[PDB]
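Engineer: pasting the first chains of the complex, positions unchanged:
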Amino acid sequence: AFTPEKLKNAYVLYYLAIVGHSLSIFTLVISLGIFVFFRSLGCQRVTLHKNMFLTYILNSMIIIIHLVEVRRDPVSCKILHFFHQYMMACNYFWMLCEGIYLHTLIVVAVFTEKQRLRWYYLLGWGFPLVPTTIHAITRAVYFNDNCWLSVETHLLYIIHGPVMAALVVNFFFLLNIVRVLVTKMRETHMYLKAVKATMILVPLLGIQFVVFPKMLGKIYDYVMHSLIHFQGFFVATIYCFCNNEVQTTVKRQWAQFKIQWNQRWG
């Protein structure tokens, strides 16, 4: 009954992956559509969120075609595998990059000296490539498994080690943001309600993997897969929809369309 067990978890998990990334692409492409359309909403924060949403779109599409397709071509499987590893690397490094943007902006460089965007762009689109080229080319020469590289417990530092170290850096950055928020809500006149709403509101910048990581393994895998696959859905819905400026802009321009459209009616 063991291959029925791996059958149930594997096929249910696969359909969960398709519905998660597909619906995440649905909501997040609607979010990127309204952010790219509404230029008054467009700010320095919004450009970095725009690149981040682009990384979620590319990463989700590549993982979708990797799942749907897969042993036919070693060159195509290898190249496609490199593209997926690079897009994934860029995604994790760029949500790190949002982490140092927010932390630097609120508490380190609070007075908004400059955009400093070039350094951030170089960190996000320049630095992930070097672990992927070293891992893909170098590990390709070492030649464990060119198509999948599936079972390598060690020697995966070359790509994954910077990603996990980067997320740990994002973790104690998040701890710094929480301590400055609670020391600037105690003086309001400790608000566990607000630190709970924000402590669950924020971790989509990358904190889940650092924090929480046979029956227990199955349930833990279920919750983790549910989180990672619907992560882009989550960042689109709470980082897009609950924004007061965004809901104000879509209700206002929606109202303008209704009144102008009403004029169109007669």
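Structural biologist: Cool, got the structure. Numbering: from 1, shown residues only, chains lettered A, B, ... in the order given.
Engineer: Residue A:239: how many residues sit nearby?
Structural biologist: By the criterion of other C-beta atoms under 10 Å, residue A:239 has 21 neighbours. All C-beta spots, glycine's among them, are computed from the backbone N, C-alpha and C.
Engineer: OK, contacts around it?
Structural biologist: Contacts here follow C-beta atoms under 8 Å, 6 or more residues apart in numbering; on that basis residue A:239 touches A:49, A:204.
Engineer: cutoff 6 Å now
Structural biologist: Listed by C-beta atoms under 6 Å, 6 or more residues apart in numbering, the contact set of residue A:239 is empty.
Engineer: Residue A:56 versus that one, what's the distance?
Structural biologist: 11 Å (C-beta to C-beta, to the nearest Å).
Engineer: Which of the three states applies to residue A:189?
Structural biologist: coil (DSSP: H, G, I helix; E, B strand; the rest coil).
Engineer: Look up how far residue A:179 lies from it.
Structural biologist: 19 Å.
Engineer: got it, and residue A:72?
Structural biologist: Counting by C-beta to C-beta, the gap from residue A:72 to residue A:179 is 53 Å.
Engineer: Those two - which one has more neighbours?
Structural biologist: Neighbour count, other C-beta under 10 Å: between residue A:72 and residue A:179, residue A:179 has more, with 11 against 8.
Engineer: Just the element for the more buried one, please.
Structural biologist: Residue A:179 is located in helix A:157-183, with elements delineated by DSSP states H and E.
Engineer: So which bits of that helix are buried?
Structural biologist: Of the residues in helix A:157-183, A:159, A:162-163, A:166-167, A:169-171, A:173-174, A:177, A:181 count as buried by neighbour count, 16 or more other C-beta atoms under 10 Å.
Engineer: Closest one of those residues to residue A:78?
Structural biologist: Set against residue A:78, the nearest of the buried residues of helix A:157-183 by C-beta to C-beta is residue A:159 (14.8 Å).
Engineer: and chain B, same structure:
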Amino acid sequence: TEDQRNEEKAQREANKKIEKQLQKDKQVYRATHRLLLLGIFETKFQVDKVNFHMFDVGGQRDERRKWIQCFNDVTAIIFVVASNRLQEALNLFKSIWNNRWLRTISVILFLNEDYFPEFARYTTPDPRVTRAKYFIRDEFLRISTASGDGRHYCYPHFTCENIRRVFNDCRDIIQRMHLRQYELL
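Structural biologist: Below, chain B sits with the chains from the block before:
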């Protein structure tokens, strides 16, 4: 078409040179945080390489209700008050508090008894000066807590070199606006 192309070739350089000038000036403009004080006039200065363009309203008349709506881009409204100057200052702080445009703009207060029977009824949390100034301080807190706007909060201070005190307080304002911009606060 020689006149039309010469006109466009004029506007090519004129538009690119002027838009380039504005692009250069915009980075300088964002680098200034403006403060309004009430209580030749314009003064812009440097605190930790931070540019503050401050306006004094001493060249205006007593009527205030239509030049204060020009100040909804300011970062902080400074009140320099003293000792019936007090009760009309509480009138003024309430009047700018409940204003339909200025609900987002914060306020910093500075201070630099026979009208109040509540003065003797106060409990302290020169001691007569101490109970007086904390009575006034709590009294100003009564309008902010009574309204409950939530977007802007009154920032009292005292005297007995204010510019570092107002710079650090302004830093608190910038942090709260930037922080709540992520829908956190």
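Engineer: The neighbour count of residue A:239 again please, chain B included this time.
Structural biologist: Neighbour count for residue A:239, taken as other C-beta atoms under 10 Å in any protein chain shown: 23.
Engineer: What of residue B:166?
Structural biologist: By other C-beta under 10 Å, neighbour count at residue B:166 equals 21.
Engineer: re earlier: elements contacting the helix holding residue A:179?
Structural biologist: helix A:74-103, helix A:207-211 (3 or more C-beta pairs under 6 Å, 6 or more residues apart in numbering or on different chains; DSSP states H and E).
Engineer: so which of these gets nearest residue A:62?
Structural biologist: Closest among these, using C-beta to C-beta: helix A:74-103, at 4.9 Å.
Engineer: mind listing what residue 101 touches?
Structural biologist: In the absence of a named chain, chain A is used. residue A:48 (C-beta atoms under 6 Å, 6 or more residues apart in numbering or on different chains).
Engineer: other chain: chain B
Structural biologist: Contacts of residue B:101 by C-beta under 6 Å, 6+ apart are B:69, B:72.
Engineer: Repeat that for residue B:44.
Structural biologist: B:51, B:53.
Engineer: Make sure I have this right: it is in a strand.
Structural biologist: Yes: according to three-state DSSP, residue B:44 belongs to a strand.
Engineer: Name the residues that touch stretch B:23-33?
Structural biologist: B:51-53, B:75.
Engineer: any idea which element residue B:15 lies in?
Structural biologist: Per DSSP H and E: helix B:2-30 holds residue B:15.
Engineer: Looking at the stretch 151-266 of chain A, which residue is nearest chain B?
Structural biologist: In the stretch 151-266 of chain A, the residue that lies nearest chain B is residue A:198 (5.0 Å; C-beta to the nearest C-beta).
Engineer: Quick one: name the residues of chain B near chain A.
Structural biologist: Residues of chain B that fall close to chain A, judged by C-beta under 6 Å from any C-beta of the partner chain: B:50, B:171, B:174-175, B:178-179, B:183-184.
Engineer: go with 10 Å
Structural biologist: Selection of chain B residues close to chain A by C-beta under 10 Å from any C-beta of the partner chain yields B:27, B:30-31, B:33, B:47-51, B:141, B:144-145, B:150, B:153, B:167, B:170-172, B:174-176, B:178-185.
Engineer: Chain C follows; place it on the structure:
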Amino acid sequence: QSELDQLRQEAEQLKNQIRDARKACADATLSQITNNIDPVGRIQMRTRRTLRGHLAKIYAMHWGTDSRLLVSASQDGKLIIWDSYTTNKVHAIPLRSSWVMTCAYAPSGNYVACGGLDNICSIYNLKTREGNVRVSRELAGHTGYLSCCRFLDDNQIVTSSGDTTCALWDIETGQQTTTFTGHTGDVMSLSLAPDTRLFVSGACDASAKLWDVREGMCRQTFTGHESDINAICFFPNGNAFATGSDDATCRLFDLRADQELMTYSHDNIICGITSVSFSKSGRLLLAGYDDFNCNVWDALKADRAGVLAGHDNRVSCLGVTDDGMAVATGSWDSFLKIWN
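Structural biologist: Adding chain C to what we have so far:
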């Protein structure tokens, strides 16, 4: 003090006689005789082009008599001279003070004037055949803030103030030729007659009053409003004018009939008006509200002729060209969109 009070009682009985004269001319209304007319219907205007490049809120605009160029203020301290047809910033003037309330453009098409909260009316020059733009003269005669400037010519320019005094300036000397008093508030705005002989100015006192430029005296005072009057615009023939208010009402007054003709308001509207202006014929009253839209009113039937809701943030000054070809609305969102 008996003689003072009895003299005020005689002032009260003949101003009561003034009110009796107003009832004496009040035989009909505007709406009854304009009842038998066909309204314009739903009229649609869409943004033809948007003018981008201001860094902060636009407090003013003024057209040109050539109808081509338009001048816009801003909060940042840059009055930028625009071309409407080819959307190109023809000039850009750095101001001496940050806050400016108004701008004007010469009917000759040779000068621009900023009027700011710094109590100075400053005049800039365009026709400098040597080089760039300069200050011809700055004017200083109020103890209050400036509110609105208009030109008579290249030599004498009329300014209102928050110092309760419309004034008439001459550029050659830098002194007030005449000083208009009779108000008790911030004089908010003013519009000239089409023959430029006379001008009318609103106030704080809910009282828009006509002024004669040569005489320097309060000719007649129209009081029918409920709060401070924000902006007025003169009717194109030279016989009436419409006033914005703060109680969400537009009123057009007649200079000769001396009283209210119509009230433009709905109960669903509780927001103050910022600027009004007429079209070329005078049939349309373009009123810009704080509901982030400018309603279009028929002059004769008092219905929403159209609703124009392009802007993000509230409006500051809308204007109509002298030929009547396009309407441009400034706003508090750093973008002004010409309409047609």
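Engineer: mind redoing the neighbour count of residue A:239 now chain C's in there?
Structural biologist: When neighbours are counted by other C-beta under 10 Å, residue A:239 comes out with 23.
Engineer: how near is it to chain C?
Structural biologist: 22 Å (C-beta to the nearest C-beta, to the nearest Å).
Engineer: likewise residue A:263?
Structural biologist: In terms of C-beta to the nearest C-beta, residue A:263 sits 6 Å off from chain C.
Engineer: again with residue B:45
Structural biologist: From residue B:45 to chain C the distance is 14 Å (C-beta to the nearest C-beta).
Engineer: Quick check, that residue in contact with residue B:34.
Structural biologist: No: Residue B:45 is beyond contact range of residue B:34, at 11.8 Å (criterion: C-beta atoms under 10 Å).
Engineer: which residues are in contact with both of these two?
Structural biologist: B:51-54 (C-beta atoms under 10 Å, 6 or more residues apart in numbering or on different chains).
Engineer: Sort out for me which of these are in strands.
Structural biologist: B:51-54 (DSSP state E).
Engineer: of these, closest to chain C?
Structural biologist: Closest approach between these and chain C, by C-beta to the nearest C-beta: residue B:53, at 6.3 Å.
Engineer: Bridging across strands, which residues link to that closest one?
Structural biologist: Residues in a beta bridge with residue B:53, per DSSP bridges, are residue B:34, residue B:44.
Engineer: Next, work out how far apart the closest residue to residue C:324 other than its chain neighbours and chain A are.
Structural biologist: Spatial nearest neighbour of residue C:324, excluding adjacent residues (C-beta to C-beta, 6 or more residues apart in numbering or on different chains): residue C:280 at 2.6 Å. Remark: distance between residue C:280 and chain A (C-beta to the nearest C-beta) = 22 Å.
Engineer: Report the separation between residue C:280 and residue C:236.
Structural biologist: 7 Å.
Engineer: returning to what we had before: output the shared contacts of residue B:45 and residue B:34 in JSON lines, with distance to residue B:162 and neighbour count appended to each entry.
Structural biologist: As requested, the shared contacts of residue B:45 and residue B:34 are exported to JSON lines (distance: C-beta to C-beta, whole Å; neighbours: other C-beta atoms under 10 Å in any protein chain shown):
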{"residue": "B:51", "distance to residue B:162": "18", "neighbour count": "16"}
{"residue": "B:52", "distance to residue B:162": "12", "neighbour count": "19"}
{"residue": "B:53", "distance to residue B:162": "17", "neighbour count": "17"}
{"residue": "B:54", "distance to residue B:162": "12", "neighbour count": "19"}
